[PDB]
Amino acid sequence: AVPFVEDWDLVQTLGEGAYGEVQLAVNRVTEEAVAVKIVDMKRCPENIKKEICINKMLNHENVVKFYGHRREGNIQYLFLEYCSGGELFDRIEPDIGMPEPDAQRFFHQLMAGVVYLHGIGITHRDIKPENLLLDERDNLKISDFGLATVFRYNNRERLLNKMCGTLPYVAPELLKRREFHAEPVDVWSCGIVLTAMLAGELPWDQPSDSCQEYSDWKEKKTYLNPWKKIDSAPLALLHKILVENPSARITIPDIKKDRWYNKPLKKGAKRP
Ligand SMILES: OC[C@H](O)CNc1ncnc2[nH]c(-c3ccccc3)c(-c3ccccc3)c12
C-alpha cells in the first residue's frame, strides 16, 4: 500500500564519529530525512546491541527517535531522528555562554528528557552539550545511548559500579565510591551543562580534591570564574545541583520547584 518509499540514499556526511560516522539519509520519493549512525563492528557488539536495545524503549519529544537498524554483514546502521540544528555545543559562545532565556528553555527541555529516561529506568550516563542535539525549531533532544544502562528493573533500583562518562561532567561519587546511585549522577551533569550554557566555560577538569577549581567551589568562592558570570538566581540553583554528597544533592522534582527554573524570562514562539 506504500510506494517505493524506503530506499535510503546517503546525501551527505553530518560528521564524525569515534565509532564511525553519521550520514544524512534521504528517501528519494518522500524526501524523508533521517540520520544514519554507521559503526564498524571490526573497529565487542555489547556496546551497540545494548545501544539498539535501549533505543527501542525510547519514545519522547526531547529524546532522539529510533527508527530501526541494519546488519548488512559486519556494519551496523542505526537510523535516527534527524536534528538539523546540530549540537547545543555550537550555540555556546566561549567565555560568554548564551542569553539566559535560551539557556532556561534548553534546561527545561533537558529536564523533560531526563525525567522521562529516569521514569523508564534508563540512565544516559554521558550528558553533555555535544550529545544534546537541536531540531529545526531549536528543540533539544538527548542523543547517544551507547553508554546508557538500566538502573531500575521491576521496580528495583540497581546501583552503578563502573565509571563512565566524560571527566568535566562526571559527579564526584563516581570517582570516589565503588557503587553509587544513577540519578544524582545525571543531575550533576545537567548542572555542568547549565554552567556551560550561562558562562561559556567548564568549571573544572574533574570534580576531585586534587583540583583547585573544584576546591574553590566547595569553599564558595563564587567571585571567581565561571561563577561570577552567572546571576544570583541560576547560581542558587547551581548551588543545589553541584552538591558533593549525592544524598544531599537536589532531585529533579525539587529542581522543577526552583525559583530560577520557574522565572518568566522568554516570550512565546517567534511566529504566531
Ligand atoms: O550520535 C547519535 C546521534 O543520534 C547521531 N547523530 C545525529 N543524530 C541525529 N541527528 C543529527 N544531526 C547531527 C548534526 C546535524 C547538523 C550539524 C552537525 C550534526 C548529528 C551529528 C552527526 C555526526 C556527528 C555529530 C552530530 C546527528
Side-chain angles (χ1 to χ4, degrees), residues 6 8-27 30-41 44-46 48-72 75-94 98 102 105-106 109-110 112-114 116-117 120 122-150 164-170 186 189-190 192-193 196-197 202:
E6 217 234 69
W8 293 122
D9 289 1
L10 285 6
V11 172
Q12 61 154 317
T13 313
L14 256 3
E16 260 73 347
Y19 347 104
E21 71 189 271
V22 183
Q23 287 220 260
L24 210 211
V26 166
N27 175 250
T30 17
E31 287 224 354
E32 197 111 293
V34 301
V36 181
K37 193 206 189 163
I38 314 137
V39 183
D40 223 321
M41 287 227 263
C44 192
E46 218 258 358
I48 214 80
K49 184 122 205 112
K50 208 217 267 181
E51 175 159 17
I52 287 147
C53 187
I54 292 177
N55 256 290
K56 287 169 136 185
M57 295 166 64
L58 309 183
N59 176 54
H60 191 256
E61 58 247 49
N62 305 114
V63 173
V64 180
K65 263 171 271 161
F66 177 77
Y67 292 134
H69 53 97
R70 233 103 265 186
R71 322 115 313 260
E72 243 77 304
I75 310 96
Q76 266 286 7
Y77 287 81
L78 294 228
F79 294 78
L80 300 158
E81 191 183 354
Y82 180 43
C83 300
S84 71
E87 288 169 16
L88 177 62
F89 186 88
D90 298 302
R91 310 296 222 264
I92 302 163
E93 185 71 15
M98 75 176 76
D102 295 5
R105 185 177 88 106
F106 289 136
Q109 280 170 17
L110 169 63
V114 179
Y116 170 77
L117 296 181
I120 60 158
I122 301 297
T123 173
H124 189 281
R125 295 207 288 183
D126 204 23
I127 290 152
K128 44 168 192 199
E130 299 96 313
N131 289 331
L132 299 171
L133 305 169
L134 276 328
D135 77 359
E136 68 279 340
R137 287 198 270 158
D138 260 322
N139 292 137
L140 179 142
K141 314 263 182 166
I142 302 170
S143 87
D144 195 0
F145 296 86
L147 300 177
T149 193
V150 165
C164 76
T166 294
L167 250 3
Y169 301 84
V170 134
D186 277 334
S189 63
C190 299
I192 303 292
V193 172
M197 288 192 294
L202 272 341

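Indexing begins at 1, ligand by ligand and atom by atom, following the structure's order. Only this structure's heavy atoms are used, side chains among them; waters, hydrogens and symmetry mates stay out. The chain is numbered in sequence order, starting from 1.
Under the 4.0 Å criterion applied to side-chain N and carboxylate O atoms, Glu6 and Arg70 are assigned as salt-bridge partners.
Side-chain contact between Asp102 and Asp138 is absent, with no heavy-atom pair separated by less than 4.5 Å.
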Taking a 3.5 Å cut-off between nitrogen or oxygen atoms, can you list every pair linking ligand 1 to the protein, with distances?
from	atom 1	to	atom 2	distance (Å)
ligand 1	10 (N)	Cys83	N	3.1
ligand 1	12 (N)	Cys83	O	2.8

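By the side-chain hydrogen bond (donor to acceptor under 3.5 Å, both in side chains) test, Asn27 pairs with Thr30, sequence neighbours left out. By the side-chain hydrogen bond (donor to acceptor under 3.5 Å, both in side chains) test, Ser143 pairs with no residue at all, sequence neighbours left out. For the side-chain hydrogen bond (donor to acceptor under 3.5 Å, both in side chains) test, residues two or more places apart in sequence or in another chain that qualify with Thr166 are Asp126, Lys128.
Ring orientation note: the planes of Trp8 and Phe79 are tilted relative to one another, at an angle of 30° to 60°.
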